[PDB]
Structures are given as structure tokens and as C-alpha cells.
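Just so it is clear, the values below take in all heavy atoms, side chains as well, and ignore hydrogens, waters and symmetry mates. Numbers for residues simply follow the sequence, beginning at 1.
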Amino acid sequence: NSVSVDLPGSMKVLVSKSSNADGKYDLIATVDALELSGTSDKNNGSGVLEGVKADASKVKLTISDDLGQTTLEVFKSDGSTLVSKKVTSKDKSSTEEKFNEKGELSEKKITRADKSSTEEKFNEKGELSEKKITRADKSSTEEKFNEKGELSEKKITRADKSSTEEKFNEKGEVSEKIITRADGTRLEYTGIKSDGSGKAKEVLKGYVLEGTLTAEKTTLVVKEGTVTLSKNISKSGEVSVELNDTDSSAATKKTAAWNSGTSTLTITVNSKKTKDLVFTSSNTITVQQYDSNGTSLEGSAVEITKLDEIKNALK
């Protein structure tokens with residue numbers, strides 16, 4: 001006895017096949033598990049449907065006469081103070097708004113047919129506190145403002161999901177910076193000074209390396225016994241690795257050489273190559289031992305999953 005009509009905003013309205021009331025067609029729709037009902041002079045699915053929540057909140061669905069737009073409003077029990085409002089066009093465009101307890105705009109998101117969007121949030125004072133722009137390629141920019149209307153944080157996300165997030169101090173200097181790589185690992189810079197120096201932490205799969213930031217380079221350090229392994233990262237993300245041992249015994253002292261073509265550090269002790277450490281394109285480390293004569297690698301390389309395995313390699 002009904003006919004189901006598809007509407008903008010993933011909604012559906014059932015229209016009585018038969019005219020009655022009058023003269024009129026009956027309309028019913030379910031939105032968020034609440035049934036709305038109305039009547040119309042048309043039988044195409046257009047009209048106004050209303051419902052009332054258990055807490056007396058009023059819900060109103062307005063479907064335009066040519067079905068080109070739906071408007072879904074939620075009000076307080078007075079039927080006038082807004083809680084939310086979603087307008088959706090036939091072309092899948094939409095505007096979704098939320099309101100504070102006074103009925104004033106607190107959030108607004110505008111989405112285009114290509115799924116790009118802008119979202120703004122407003123504070124109790126009606127002032128912009130956050131703004132996010134998302135492009136069709138899923139890259140985005142996000143800004144957050146403090147109570148002086150000043151930029152407090154900014155995050156730039158690329159289409160490959162890598163990103164740079166900055167926080168700013170009251171002087172407008174970058175005080176913290178997080179670089180997220182396309183592989184998911186991160187460089188976290190904290191306590192950034194006026195000269196661009198600070199503390200550095202690299203967050204890898206299974207462990208964190210710690211070190212420093214300067215304007216010249218990031219350097220992460222692992223110490224074991226008299227040996228120090230230094231992982232340098234240039235501004236452009238190029239990794240190079242060095243090793244120093246303060247041991248002065250020709251018998252036990254470690255030395256190492258870096259091959260930037262292979263991203264491999266080769267350790268030597270007592271004129272025999274002992275290990276290769278490979279720093280891979282996915283920001284992992286593998287280790288493999290040379291046979292006891294020091295001229296060929298044996299077994300298979302092992303992918304390091306905890307910090308202690310790096311330290312064991314440096315013994």
C-alpha cells in the first residue's frame with residue numbers, strides 16, 4: 001500500500017499509494033530510529049514529516065517539492081531552538097550544523113559532491129576556534145586558534161597520509177613539531193628553542209629512539225658499553241648513520257663505515273667485518289652477521305623489533 005522513494009541524504013520516504021487523508025497522501029520515514037510522519041497534496045514523496053523524541057525534542061524533515069533537497073532539523077521541545085540541522089542536495093552536497101544550548105551555531109561542515117569539505121567550530125563567544133579544509137584527494141589543512149584569535153596549532157596532511165603538525169608559542173615561534181611519514185613512523189620535536197634546536201624522539205615500530213634537533217640535522221643516539229650509534233636525519237629526511245667506540249684496544253674496538261647507496265652500516269672489529277645494519281626504506285633496521293672470517297654474510301638478516309636488539313648488535 002506504500003511506495004518507497006529515495007531522498008537526498010541517504011533517506012527514504014514511504015508514500016501511501018492511496019489518497020487519504022482528503023485529498024492527501026500519507027508520508028512516513030525513519031530517521032535515527034525515530035518514525036516521522038506527515039501528509040502532502042503530492043504523491044512523489046515531497047512534504048513535511050515530523051516526529052517527537054522521548055525527551056520531547058522535535059524532529060522535522062522537509063523534502064522539497066521536486067525532491068532536490070532535504071532538510072532535517074532537530075529542535076528543543078519549543079520547536080524553535082535548534083540542536084542540529086542537515087541540508088542535503090540531490091548532487092550529494094550537504095551542510096551539517098550543530099548548535100549550543102542557546103541555539104547558536106557551534107559547528108558547521110560543508111561537504112561538496114566530490115567529498116571535499118570545510119569544517120568550522122565556534123566557541124561560546126561565537127568566535128572561530130578550529131577550521132579544517134579537506135581536499136578531494138584527502139589532503140587537508142587544519143588550524144586551531146586560542147582566545148586571542150591567534151594560531152595555536154596547524155596540521156598539514158598530504159595525500160600519502162604523511163603530515164607536519166606544529167604548535168606555536170605566544171611569540172609565534174614553533175615550539176613543537178611532529179613529522180609523520182608515509183610509513184606511519186614519526187619524528188617528534190619538543191622544547192624547540194629560538195634557534196631551531198630541541199629534543200628529538202623517533203617513534204618506530206616496536207621502539208623509540210631519542211636524541212637532538214639542530215638546524216643542521218636530527219641525531220638519534222643509542223649507547224651500549226663504549227659504543228655510540230648515531231642515526232642522522234637531514235632536513236629532507238635522508239638518513240645516514242655513524243658509529244664511534246672510545247675503546248682503544250685494537251682487539252675489541254668497533255669501527256663502522258656507511259654506504260649511502262645501500263643504506264647499510266658495516267661494523268668491523270679486529271680487521272674482520274662482523275655485522276651489517278641495514279636502515280630500510282620503511283624505517284626499520286635489520287642485522288646480519290658475517291661468518292667467522294669476516295668476508296661474507298651468513299644466515300639471513302633479522303628485522304629488529306625491540307630496542308634491546310639494537311644494543312645487542314653494538315656489543
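- Residues satisfying the side-chain contact (heavy atoms from CB on, under 4.5 Å) test with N20, not counting sequence neighbours, are none.
- Closest non-hydrogen pair, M11 versus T70, comes out as CE-OG1, 3.4 Å.
- Listed by chain and number, the residues in a side-chain hydrogen bond (donor to acceptor under 3.5 Å, both in side chains) with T255 amount to none (sequence neighbours excluded).
- The distance from the OG1 atom of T252 to the CG atom of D245 is 7.0 Å, given to the nearest 0.5 Å.
- Other residues, nucleotides and ligands contribute over 12 non-hydrogen atoms within 6.0 Å of the CG atom of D55.
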Exercise answer: donor-acceptor pairs, residues 190-204 side-chain atoms, under 3.5 Å, sequence neighbours excluded:
residue: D195; atom: OD1; partner: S197; partner atom: N; Å: 3.1
residue: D195; atom: OD1; partner: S197; partner atom: OG; Å: 2.6
residue: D195; atom: OD2; partner: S197; partner atom: OG; Å: 3.3
residue: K199; atom: NZ; partner: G211; partner atom: O; Å: 2.8
residue: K201; atom: NZ; partner: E210; partner atom: OE2; Å: 2.6
residue: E202; atom: OE1; partner: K231; partner atom: NZ; Å: 2.7
residue: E202; atom: OE2; partner: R181; partner atom: NH1; Å: 2.8
residue: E202; atom: OE2; partner: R181; partner atom: NH2; Å: 2.8
residue: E202; atom: OE2; partner: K231; partner atom: NZ; Å: 3.2

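- Residues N146 and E170 fail the side-chain proximity criterion, which asks for heavy atoms closer than 4.5 Å.
- With a 4.5 Å cut-off on side-chain heavy atoms, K85 and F99 count as touching.
- With hydrogens and angles ignored, the 3.5 Å screen pairs no side-chain donor or acceptor of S16 with any backbone N or O of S19.
- Residues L187 and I233 have side chains in contact (heavy-atom distance under 4.5 Å, counting atoms from C-beta outward).
- Cluster annotation: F279 and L307 are assigned to the same hydrophobic cluster (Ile/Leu/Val/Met/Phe/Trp/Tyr, side-chain heavy-atom contacts under 4.5 Å, transitive).
- At a cut-off of 3.5 Å, with distance as the only test, no side-chain donor of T284 or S282 sits close to an acceptor on the other residue.
- Salt-bridge check for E176 with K167: passed, with a basic side-chain N closer than 4.0 Å to an acidic carboxylate O.
- Of all the heavy atoms in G47 and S40, the pair that sits closest is CA-CB, 4.4 Å.
- Between the side chain of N293 and the backbone N or O of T295 there is no donor-acceptor pair closer than 3.5 Å.
- Proximity of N44 to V5: side-chain heavy atoms (C-beta onward) are nowhere separated by under 4.5 Å.
- Comment: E73 does not engage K58 in a salt bridge, judged by the lack of any side-chain N to carboxylate O separation of less than 4.0 angstrom.
- Annotation for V13 and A29: closest pair CA-CB, 4.4 Å, computed over non-hydrogen atoms.
- At least one donor-acceptor pair under 3.5 Å links the side chain of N259 to the backbone N or O of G261.
- Between atom CD of residue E143 and atom CD of residue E120 there is a gap of 11.0 Å, rounded to the nearest 0.5 Å.
- From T264, atom OG1 reaches atom NZ of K275 across 15.0 Å, with rounding to the nearest 0.5 Å.
- Cluster annotation: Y290 and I304 are assigned to distinct hydrophobic clusters (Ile/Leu/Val/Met/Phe/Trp/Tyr, side-chain heavy-atom contacts under 4.5 Å, transitive).
- Under the 3.5 Å distance criterion, with hydrogens and angles disregarded, a donor-acceptor pair is assigned to the side chains of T164 and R158.
- Qualifying salt bridge (charged side-chain N to carboxylate O under 4.0 Å, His left out) partners for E142, counting only residues two or more places apart in sequence or in other chains: none.
- Side chains of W258 and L265 form a contact here, defined as non-hydrogen atoms less than 4.5 Å apart.
- Contact between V15 and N43 at its shortest, heavy atoms only, is CG1-O, 3.8 Å.
- Annotation for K223: atom NZ counts as buried by contact number, over 12 foreign heavy atoms lying within 6.0 Å.
- Atom NZ of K24 is separated from atom OG1 of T39 by 5.0 Å, given to the nearest 0.5 angstrom.
- The two residues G45 and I63 have their closest heavy-atom pair at O-CD1, 3.3 Å.
- Side-chain contact check for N232 and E242: at least one donor-acceptor pair (N or O, by modelled atom type) lies under 3.5 Å.
- A donor-acceptor pair shorter than 3.5 Å cannot be found between the side chains of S89 and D91.
- Under 4.0 Å is where a charged nitrogen must lie from a carboxylate oxygen, and between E173 and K171 no such pair does.
- Looking at heavy atoms from C-beta onward, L243 lies in side-chain contact with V227 at the 4.5 angstrom threshold.
- Remark: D65 pairs with no residue by the side-chain hydrogen bond (donor to acceptor under 3.5 Å, both in side chains) rule, at least two apart or across chains.
- Listed by chain and residue number, nothing satisfies the salt bridge (charged side-chain N to carboxylate O under 4.0 Å, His left out) test with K131 (two or more places apart in sequence, or in another chain).
- The shortest distance between side-chain heavy atoms of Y25 and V3 does not fall below 4.5 Å.
- Of all heavy-atom pairs between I285 and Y207, the closest is CD1-OH, 3.5 Å.
- For the residue pair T157/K155, the side-chain donor-acceptor check at 3.5 Å is not satisfied.
- Residues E104 and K102 are not paired through a salt bridge, judged by the lack of any N-O separation under 4.0 Å between the basic side chain and the carboxylate.
- A heavy-atom distance below 4.5 Å is not found between the side chains of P8 and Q69.
- For the atom pair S37 OG and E35 CD, the distance stands at 8.5 Å (nearest 0.5 Å).
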